[PDB]
Amino acid sequence: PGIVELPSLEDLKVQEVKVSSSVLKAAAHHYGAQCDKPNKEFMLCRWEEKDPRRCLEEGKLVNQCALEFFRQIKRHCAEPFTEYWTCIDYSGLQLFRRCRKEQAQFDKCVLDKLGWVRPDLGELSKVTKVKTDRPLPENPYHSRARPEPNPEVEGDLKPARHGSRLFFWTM
Amino acid sequence: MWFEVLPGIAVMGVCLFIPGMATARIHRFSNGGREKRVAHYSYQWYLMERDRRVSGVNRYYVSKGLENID
Ligand SMILES: CCCCCCCCCCCCCCCCCC(=O)OC[C@H](COP(=O)([O-])OC[C@H](O)COP(=O)([O-])OC[C@H](COC(=O)CCCCCCCCCCCCCCCCC)OC(=O)CCCCCCCCCCCCCCCCC)OC(=O)CCCCCCCCCCCCCCCCC
């Protein structure tokens with residue numbers, strides 16, 4: 001069959017978010033609140049196109065919007081964020097409940113210096129609507145033509161001509 | 001009297017104390033002064049392997065914070 005089309009290695013170069021998972025988990029709710037729109041544009045494009053190769057640029061926007069998220073933490077609130085993700089980082093399951101006072105200090109410093117409200121219980125799991133300018137994929141499965149069905153039954157049912165027609169039976 | 005049985009109970013209790021203290025201290029020694037990462041589910045293992053790749057030194061427990069970005 002045909003040749004698969006891989007993008008170049010230059011099309012895969014982006015400035016990586018080189019932080020650990022406890023840094024991401026400590027900043028997760030404010031990341032979902034602030035970096036909402038390009039993340040949801042990317043995931044809409046990702047569930048609609050069903051191809052990562054059709055989703056690179058929006059993905060780069062995700063990797064563009066995460067970094068601007070962290071710099072805006074790193075400029076203003078590096079101390080409560082560091083003290084909070086260290087405590088998140090201690091736990092082997094990375095519990096939020098072990099770290100509520102560092103969470104409260106990080107939320108206080110962020111709400112004072114940046115005005116970000118942490119999302120309540122239920123908010124980040126909502127199904128949201130996304131207004132994009134890319135087109136809807138008309139054939140996302142790349143399906144070819146389907147076979148035509150067999151012709152249906154039509155016409156009023158007349159009796160059997162001369163019955164069963166079984167060898168000598170007249171009905 | 002009944003406190004004559006307490007040396008054997010003390011020896012057996014120290015021997016029961018040893019494995020949990022040992023695994024706690026060995027987990028903190030082998031994982032950067034912290035608990036061992038618990039990966040029961042594939043998302044936790046995914047984040048753990050991401051940590052092992054973003055640390056640069058092939059160790060998930062080497063944490064990287066805001067200093068690793070500009
Ligand atoms: C106003 C509203 C009301 C109006 C009412 C109008 C009517 C008034 C009268 C009321 C009564 C009507 C009766 C039914 C209509 C006539 C049917 C008829 O004669 O068909 C002839 C039928 C076909 O001949 P035909 O000349 O081409 O057709 C004449 C008509 O057009 C036949 O018409 P058809 O072409 O439309 O027939 C359709 C088709 C015509 O047939 C075919 O297309 C060919 C296939 C027929 C079957 C062949 C099977 C062969 C292998 C098995 C053989 C078995 C052993 C033979 C018997 C051993 C002893 C029991 O029939 C069948 O396929 C059905 C099978 C045969 C049943 C006939 C009726 C039996 C009722 C009483 C049963 C009593 C026992 C009878 C003996 C048991 C065996 C039947 O003759 C045979 O098959 C030969 C065997 C005789 C059959 C039975 C005759 C009925 C009278 C029996 C009285 C004596 C009983 C003695 C005691 C018991 C036995 C010891």
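Every number for a ligand or one of its atoms is a count from 1 in the order of the listing. Keep in mind that the numbers below use all heavy atoms, side chains included, and drop hydrogens, waters and symmetry copies. Quick note on labels: first sequence line is chain A, next is B, and so on, each numbered from 1.
Protein heavy atoms are absent from the 4.0 Å sphere centred on atom 26 (O) of ligand 1. The nearest protein heavy atom to atom 43 (O) of ligand 1 is closer than 4.0 Å. When distances from atom 63 (O) of ligand 1 to the protein are checked, a heavy atom turns up under 4.0 Å. Protein non-hydrogen atoms do not reach within 4.0 Å of atom 67 (C) of ligand 1. Less than 4.0 angstrom separates atom 55 (C) of ligand 1 from none of the non-hydrogen atoms of the protein. For atom 72 (C) of ligand 1, the nearest protein heavy atom lies 4.0 Å away or farther. Note that atom 90 (C) of ligand 1 has no protein non-hydrogen atoms nearby, at separations under 4.0 angstrom. Protein heavy atoms are absent from the 4.0 Å sphere centred on atom 9 (C) of ligand 1.
When hydrogens are left out, the protein atom nearest atom 36 (O) of ligand 1 is A:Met171 SD, 3.9 Å; that is the closest non-hydrogen contact. Looking at atom 35 (O) of ligand 1, its nearest protein heavy atom turns out to be A:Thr170 OG1, 3.2 Å. Remark: minimum distance from atom 49 (C) of ligand 1 to any protein heavy atom is reached at A:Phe168 CE1, 4.3 Å. What sits closest to atom 46 (C) of ligand 1 on the protein, heavy atoms only, is A:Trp169 NE1, 4.3 Å.
Looking only at distances, no side-chain donor or acceptor of A:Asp89 sits under 3.5 Å from a matching main-chain atom of A:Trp85. Formation of a donor-acceptor pair under 3.5 Å by the B:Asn68 side chain with backbone atoms of A:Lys18 is found in this model.
Summarising the geometry, atom CG belonging to A:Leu93 is positioned 6.0 Å from atom CD belonging to B:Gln44; distances are rounded to the nearest 0.5 Å.
Across all non-hydrogen atoms, the minimal contact from A:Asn63 to A:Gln15 is ND2-O, 2.7 Å. Taking all atoms of both residues into account, the shortest heavy-atom contact from A:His30 to A:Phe106 is CD2-CE2, 3.5 Å. Of all the heavy atoms in A:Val23 and B:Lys64, the pair that sits closest is CG2-O, 3.3 Å. For the residue pair A:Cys45 and A:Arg54, the shortest heavy atom distance occurs at SG-O, 3.6 Å.
A parallel orientation is assigned to the rings of A:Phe70 and A:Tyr31, their planes being inclined by less than 30° (bins at 30° and 60°).
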